[PDB]
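Quick setup: one chain, the form deposited in one PDB entry, written in structure tokens, and binding and motion questions come after.
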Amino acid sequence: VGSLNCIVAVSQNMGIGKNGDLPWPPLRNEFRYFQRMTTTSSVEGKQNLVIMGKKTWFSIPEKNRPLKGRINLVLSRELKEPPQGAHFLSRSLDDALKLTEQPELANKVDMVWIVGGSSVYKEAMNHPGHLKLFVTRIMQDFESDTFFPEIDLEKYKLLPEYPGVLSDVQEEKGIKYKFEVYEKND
């Protein structure tokens, strides 16, 4: 059950990656907000499902894969079998979601979180239903090679507040950033 959510951290120039790593220096409190938002379920016997494309999965340090206490599904048309550590591999968002109903998965999933990359995010962002986008706006330009698609405002509404989401500008290592929530339903 649950809902369909996208989570992303983006630079002013809409960059989410550079050469297998983040465009910016490590931001520990941002990391920690991603972990908590994706892991938290207040339901007993369920876990959240984290969906990620091949490049996002490999951008995570092996020391952090799989993502503990979450079901990890890799989305890829080119891998031949689930990468070591991953639970499932699916060829598309559709089948991933579909997957979410057979034997293990409809009785075990709470929320669904899409953690990257651009093509997964485009796929989803343009998928029927009630989707939420949790966006961290890093207020600085960073040289990037991977990007999040423009958010078609007035299609997507910004929510003034949402539980567990800080409303204030944050700062780390002198980079300012803020958390934003957007939603849609079609």
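Only residues modelled in both forms are compared. For clarity, a rigid core is taken as the largest C-alpha set superposing within 1.5 Å between two forms. A residue's number is simply how far along the shown sequence it sits, counting from 1.
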Worksheet item: Is the mean CA B factor in the deposited entry higher across 48-56 or across 148-156?
Response: 148-156
Worksheet item: Per the entry, where is the mean C-alpha temperature factor higher: 31-39 or 124-132?
Response: 124-132
Discussion item. Based on the deposited C-alpha B factors for this chain, I'd like to know if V74 is in the lowest, middle or highest third.
Written reply: lowest
Worksheet item: Where does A96 sit by CA temperature factor within its chain: lowest, middle or highest third?
Response: middle
Worksheet item: By its CA B factor, does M111 count among the lowest, middle or highest third of the modelled residues in the chain?
Response: middle
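Separately, the form deposited in another entry exists; it is not shown, and the next lines address it.
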Worksheet entry | Sole residue of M139, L158, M37, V43 shifting 2 angstroms or more in CA between the shown form and the other one, core aligned | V43
Worksheet item: After the core is matched up, is the C-alpha of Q102 off by 2 Å or more between the shown form and the other one?
Response: yes
Worksheet item: Taking the rigid core as reference, which runs of at least three consecutive residues show Cα movement of 2 Å or more between the shown form and the other one?
Response: 42-45, 101-104
